[PDB]
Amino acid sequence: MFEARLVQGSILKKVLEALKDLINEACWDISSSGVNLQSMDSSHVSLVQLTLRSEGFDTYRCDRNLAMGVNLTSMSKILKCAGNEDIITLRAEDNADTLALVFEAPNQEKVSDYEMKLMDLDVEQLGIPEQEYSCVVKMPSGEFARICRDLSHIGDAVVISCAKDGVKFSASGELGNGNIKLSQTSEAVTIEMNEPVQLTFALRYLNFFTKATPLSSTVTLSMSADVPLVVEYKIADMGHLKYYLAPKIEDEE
């Protein structure tokens, strides 16, 4: 019997608003450690890794390890019936194929209770190869978001070039081309370059990743030659949300 109490319920809201457009149906792994979710996107071009540690919850409790095949769209809709201030409570029954969302409004004169139908998902599981990264860029999530929106008007893909001094994003299309340059501080931008890197990514997906912006003031980007870019947003004391995007390769001949 699962039961978690989250006082800053807006966090849950923000999480679903960050997964719903990228993932239709996902699986929520519950355990004494906390909730966790890992899923490729529809396109199978990226992987989302959500981590909500039980510590972050104001009351966690997991008797039986659960695997809830959830329709993120239904859960999102349901979650919009919560005030950004209500206390949200996830509660399930190891025997029931339904999850329960209870929202308690601060002043407790109102309580919403939603029972969402779960589903059997035979989701294709993947395993991330723990690796090292040539470059790690920390920067305001808002700036990152803006960058991705801007370039989106120029072209479909963005070339992320990371050197010693700073990092550079650039694109090109019908209406010419452009690029944005960020340099380390001396709101700040920190860069850890062991090796200059250059990779091409689709702005379409980066733009999906950015729906997580309201989850953190900052975001870190981790790249490396010929490997998936890592876009990660921390969820203060709760855990995090990581997005892996496969790069675009140059088909030679």
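Residue positions are given as counts along the sequence shown, with the first one as 1. For the two forms, the rigid core is made up of the largest set of C-alpha atoms that agree within 1.5 Å on superposition.
On a core superposition, give the stretch, 217-225 or 35-43, with the larger average C-alpha separation from this form in 6 other deposited structures of this protein (RMS over structures and residues).
After the core superposition, the stretch with higher RMS deviation in 6 other deposited structures of this protein is 35-43.
Core-aligned, which moves more in 6 other deposited structures of this protein: 68-76 or 115-123, by CA RMS?
Between 68-76 and 115-123, the one lying farther away in 6 other deposited structures of this protein is 115-123.
Determine, among the other compared PDB entries that model residues flanking residue 190, whether at least a third leave it unmodelled.
Residue 190: modelled in all of the comparison entries.
Can you let me know which of the two, 21-29 or 228-236, has the higher average C-alpha B-factor in the entry?
Per the PDB record, 21-29.
I need to verify one thing: averaged over C-alpha atoms only, is the B-factor higher for 44-52 or for 189-197?
According to the PDB entry, the answer is 189-197.
Highest Cα temperature factor in the entry, among the options 109, 143, 156, 150: which one is it?
Highest C-alpha B-factor among the listed options: 109.
Choose from 177, 95, 76, 161 the residue with the greatest Cα B-factor as stated in the PDB record.
Within the set 177, 95, 76, 161, 95 shows the top C-alpha B-factor.
Within this chain, which third does the Cα B-factor at residue 246 fall in: lowest, middle or highest?
Lowest third, going by the recorded CA B-factors of the chain.
Sorting the chain's modelled residues by C-alpha B-factor, tell me whether residue 172 ends up in the lowest, middle or highest third.
Its C-alpha B-factor, which the entry lists for residue 172, ranks in the lowest third among residues of this chain.
Relative to the other modelled residues of the same chain, rank the CA B-factor of residue 69 and answer lowest, middle or highest third.
According to the entry, residue 69 has a C-alpha B-factor in the chain's middle third.
Per the entry's values, where does residue 62 land by CA temperature factor relative to the rest of its chain, in the lowest, middle or highest third?
For residue 62, the deposited C-alpha B-factor lands in the highest third.
If you rank every modelled residue in this chain by C-alpha B factor, which third holds residue 100: lowest, middle or highest?
Ranked within chain, residue 100 CA B lands in the lowest tercile.
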